[PDB]
Amino acid sequence: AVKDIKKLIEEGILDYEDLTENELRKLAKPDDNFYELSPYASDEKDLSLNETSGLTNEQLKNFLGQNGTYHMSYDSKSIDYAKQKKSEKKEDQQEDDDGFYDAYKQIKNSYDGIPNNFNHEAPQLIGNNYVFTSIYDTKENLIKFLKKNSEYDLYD
Amino acid sequence: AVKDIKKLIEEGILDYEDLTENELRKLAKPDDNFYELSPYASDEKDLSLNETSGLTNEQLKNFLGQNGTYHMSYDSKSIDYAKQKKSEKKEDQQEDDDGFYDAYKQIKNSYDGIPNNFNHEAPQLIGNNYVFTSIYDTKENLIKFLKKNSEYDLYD
Amino acid sequence: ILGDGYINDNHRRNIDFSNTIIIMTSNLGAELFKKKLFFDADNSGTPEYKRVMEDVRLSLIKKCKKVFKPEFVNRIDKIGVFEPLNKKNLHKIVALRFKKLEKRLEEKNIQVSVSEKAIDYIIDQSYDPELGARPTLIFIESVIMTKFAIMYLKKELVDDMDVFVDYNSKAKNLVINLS
Amino acid sequence: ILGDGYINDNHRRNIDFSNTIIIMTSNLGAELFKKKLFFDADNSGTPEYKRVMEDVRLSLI
Amino acid sequence: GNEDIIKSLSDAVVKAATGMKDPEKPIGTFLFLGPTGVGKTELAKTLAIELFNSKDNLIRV
Amino acid sequence: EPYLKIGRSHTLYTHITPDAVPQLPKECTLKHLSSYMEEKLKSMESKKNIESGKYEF
Amino acid sequence: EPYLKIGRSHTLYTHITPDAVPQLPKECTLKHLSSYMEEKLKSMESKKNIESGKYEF
Ligand SMILES: Nc1ncnc2c1ncn2[C@@H]1O[C@H](COP(=O)(O)OP(=O)(O)OP(O)(O)=S)[C@@H](O)[C@H]1O
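So, how was this worked out
- Residues numbered from 1 in each chain as written, not as in the entry; some residues may be left out.
- Chains lettered and ligands numbered in written order.
- Part of a larger assembly, values for the part shown.
- Heavy atoms only, no water.
- Helix = DSSP H or I, 4+ residues; strand = E, 2+ residues; numbered from the N terminus.
- Rg over C-alpha atoms; globule rule 2.2 N^0.38 Å.
- Buried < 20%, exposed > 50% of the residue type's maximum accessible area, 1.4 Å probe, protein only.
- Areas by Shrake-Rupley, 256 points an atom, 1.4 Å probe, with all protein chains shown as cover.
- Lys, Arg positive; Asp, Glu negative; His and termini not counted.
- Charge placed at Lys NZ, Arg CZ, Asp CG, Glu CD.
- Salt bridge = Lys/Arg side-chain N within 4 Å of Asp/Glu carboxyl O.
- Patch = residues over 30% accessible without salt bridge, like charges linked within 9 Å, V, L, I, M, F, W, Y side chains within 5 Å.
- Contact = heavy atoms within 4.5 Å.
- Buried area = accessible area lost by both parts, 1.4 Å probe.
- Polar contact = N/O pair within 3.5 Å; in protein donor to acceptor, adjacent residues only side chain to side chain.
- Nonpolar A, V, L, I, M, F, W, Y, C, P; charged D, E, K, R; others polar.
- Near = heavy atom within 4 Å.
- Pairing = 2+ DSSP bridges.
- Axes fitted to C-alpha atoms, helices over the stretch in contact; angles between N-to-C directions.
- Expected span 1.5 Å × (residues − 1).
- Bend = angle between axes of the 7 residues up to and from the residue.

For chain A, the count of helices and strands is six helices and two strands. When the helices and strands of chain A are placed in sequence order, the string is α-α-α-α-α-β-β-α. Its C-alpha atoms give chain A a radius of gyration of 23 Å, more than 25% over the compact-globule value 15 Å for 156 residues. With the C-alpha coordinates of chain A rotated into their principal frame, the extents come out at 65 × 45 × 25 Å. For chain A, buried positions account for 22% of its 156 residues. In the form shown here, chain A has an accessible surface area of approximately 12,200 Å², with 50% of it arising from carbon and sulfur atoms. Here chain A carries 20 positive and 33 negative side-chain charges, and the mean point of each set is 3 Å from the other.

Further remarks concern the pattern of salt bridges. For the coordinates displayed, the defined rule picks out 24 salt bridges over all chains. Between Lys 45 of chain A and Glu 51 of chain A there is a salt bridge whose closest N-O contact spans 3.2 Å. Given a relative accessible area of 53%, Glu 51 of chain A falls into the exposed group. Of the charged contacts, one joins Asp 124 of chain C and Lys 87 of chain C as a salt bridge, the two residues approaching to 3.9 Å between their closest N and O atoms. Here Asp 124 of chain C, found in helix α5 (residues 116-126), pairs with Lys 87 of chain C, found in helix α3 (residues 87-93); they are 37 residues apart in sequence, far enough to count as distant. Judged by its relative accessible area of 53%, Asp 124 of chain C is exposed.

For the rest of this paragraph, the subject is a negative patch on the surface. On the surface, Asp 43, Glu 44, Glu 91, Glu 95, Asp 96, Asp 97 and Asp 98 of chain A together with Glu 31 of chain C cluster together to form a negatively charged patch. With respect to the helices and strands, the residue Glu 44 of chain A is situated in the loop between α2 (21-28) and α3 (60-63). You can call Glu 44 of chain A partly exposed: its relative accessible area is 42%.

What follows deals with the interface of chain G and chain C. Every contact between the two is made by ten residues of chain G and, on the other side, 19 residues of chain C. Across the interface of chain G and chain C, roughly 1,400 Å² is buried in total on both sides, 63% from carbon and sulfur atoms. Sorting the residues of chain G by area buried against chain C places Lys 47, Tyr 55 and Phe 57 of chain G first, and these three jointly supply 53% of that buried surface. Counting every contact that joins chain G to chain C gives zero salt bridges. Counting every contact that joins chain G to chain C gives three residue pairs in polar contact. Class assignment of the residues belonging to the side of chain G that touches chain C gives a composition of five nonpolar, no polar and five charged.

The next thing to look at is the site of the ligand. Residues and elements named next belong to chain E. For the ligand, the full set of nearby residues is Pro 35, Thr 36, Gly 37, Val 38, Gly 39, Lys 40, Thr 41 and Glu 42. A distance of 2.5 Å is found between an oxygen atom of the ligand and a backbone nitrogen or oxygen belonging to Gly 37. Within the contact set of the ligand, an oxygen atom lies 2.2 Å away from a backbone nitrogen or oxygen of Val 38. Expressed as a share of its isolated accessible area of 630 Å², the protein-covered part of the ligand is 42%. Across the shell around the ligand, the residue classes break down as two nonpolar, four polar and two charged.

Turning to the sheet that holds strand β3 (residues 110-114) of chain C, a few remarks are in order. Residues and elements named next belong to chain C. Ordered in space as β3-β4-β5, the three strands form an open sheet in which the pairing is mixed. Taken across any chain shown, the strands that pair with only one partner, and hence form the sheet edges, are β3 and β5 (174-178). Going from strand to strand, the sheet's axes swing by 25 degrees on average, the running direction of each strand aside. Examined bridge by bridge, strand β4 (residues 161-166) and β5 share five bridges and lie antiparallel to one another. Note on β5: the bridge partner recorded for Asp 162 is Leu 178.

When the terminal C-alpha atoms of helix α6 (residues 134-153) of chain C are compared, their 28 Å separation across 20 residues agrees well with the 28 Å that a helix rising 1.5 Å per residue should span. For α6 of chain C, the principal kink sits at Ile 144 of chain C and spans about 35 degrees. The complete set of buried residues in α6 of chain C reads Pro 135, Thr 136, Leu 137, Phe 139, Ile 140, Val 143, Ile 144, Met 145, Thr 146, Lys 147, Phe 148 and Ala 149 of chain C. The elements touched by buried residues of α6 of chain C are α4 (95-103), α5 and β4 of chain C together with α1 (3-14) of chain E.

Here it is in structure tokens:
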């Protein structure tokens, strides 16, 4: 009151209401694990990118633009092709569950500004200020404080 | 007379004819299993979606629009291709039941407003009121009562 | 064997399976005993969670006939389907272990008692509906049972101690001992 | 065995099977017919669907 | 390294030398996994030096 | 019998409305035949190899 | 109940704004249901290999 001091005491003693503008902005500043050099990201199934996607055909977009008595509104060539591969691989034993946990995970990281394999700190605009959140350091109590107190108030 | 009280007594004692407007609407209200959080739906063969489907070609729709002396009225490219796969998979042992049992389960759910893998409560407009029916709680006696008695009558 | 009591051998002797209770177990539990169809067995149903079990028990007999070559569906008398464990049951199922536990301590005469709040501290920190309480019984043996002997190594256990387990909801962590 | 009686052993002596009613049981109907308009037929069709069972019987052979 | 593994070794001995739970299950089965290089065998060679003070109670199969 | 009379009749097809078509009886629809299978196939399994519940007397 | 009232109502679809649609309660969103899985899953993965020494009496 400095940054590592707040992570222990503000859970026990200090409320967020009695903190200055130079103290709130530095807890939203990135930590010292940021600016630490880290190679070798761990690859996973990217739910962001769609391998079954295709290109705008412009004759579908013309025919679907003229609204009326059409019965299917996409191409279904690449998305049937994809389903045939899952019928032919015979990969079941962890694909029954690795994806399920992952969807819930990577989906929650989308509400924090964090992409798929991003094990580091990513910002999130709350009001007029950015808050760098993590996979581990979610900083949820700062988010509940800055949304509720600084709705009609400004603390940089 | 409350909601769980009616499920035991109205089969034995109480008729549906002596029930107030605040009592009929709450038995058609969803149960406490609704608003209970339930992940992990169980996938099955979706009879709703047709994998053998295709797109409106607009030269067939023009040629079939001009009525007269045509002998086939669809495309038959994606359908034939599908029948060839069933000849080549050699999957028989339970698929002899899958086309022959499982539709009855999903076809009857189409008369109740319930989709394929939907193990929860789905509404159904009867007259001017909605009735939330289930896979298990069919609520058939409410449906026979609201159609017959409230045809020219209104009970919210 | 499930058909009749007899089977021959290479002697062609009469093997008798009468007066032998024959018990067939298997899992077949994935994709329906999951979080699939079974969130919140807290309530556990006087009229309702019966009915989910009134089709989950049906859905296994679908997989009984189509996996086992359904003559077992003819030969077996009673197909027993277990309900998932309730947290209201584990208040005593865990307590059923401490009576077996003191049989290994009745030599030493340590009597061990566990609060109901202590059980709640265990279940919420060891149990899920998906693993079926085996690691919770590892949680006893590999966490709490390890230091009862460490309470005995250093001389804090008199050979008559009324061990009373409790948690006073601070995430503080105490064993209340009486002589 | 079904063709002949005279069957040598591993002592290579003949073992007769005359006056022995040989009975051959197997299912070969399981998980493949399952209605044939018939398991929903307790009346079973007295002049009509008996001919179906004959065509069921013919198929098994 | 790996004090959490070493505690799990010590705890089974605390289950052993104190008359704690010993059914027909042997005390402390262990499955060690790691990259080639790290202290996977020579935990156990130090056990025979320390649990038995002999080094000839070590049975390499 | 009623569907062959309107079929053989000299009426234009634009005059054939759902008011003019007589309804099938309740034995002859998909609503009966799909619900009758759950009277068998749900029931068929709920009394095959299962006979402890609700055989009280 | 509030979503069927506006659905059955005779209002033009251009008048349906996000101001006119009532919000779902907090039990019914993806923000709850995705965070509730990390209350299970993340907690669950540690149910294997429960820590020796982390719970001291
Ligand atoms: N913590 C340590 N203390 C002392 N010596 C160690 C330590 N870690 C490694 N060593 C040495 O490195 C080797 C470790 O033995 P091992 O665990 O057998 O190594 P390893 O190369 O992984 O072979 P493995 O485990 O059988 S595949 C020995 O030669 C030790 O002298």
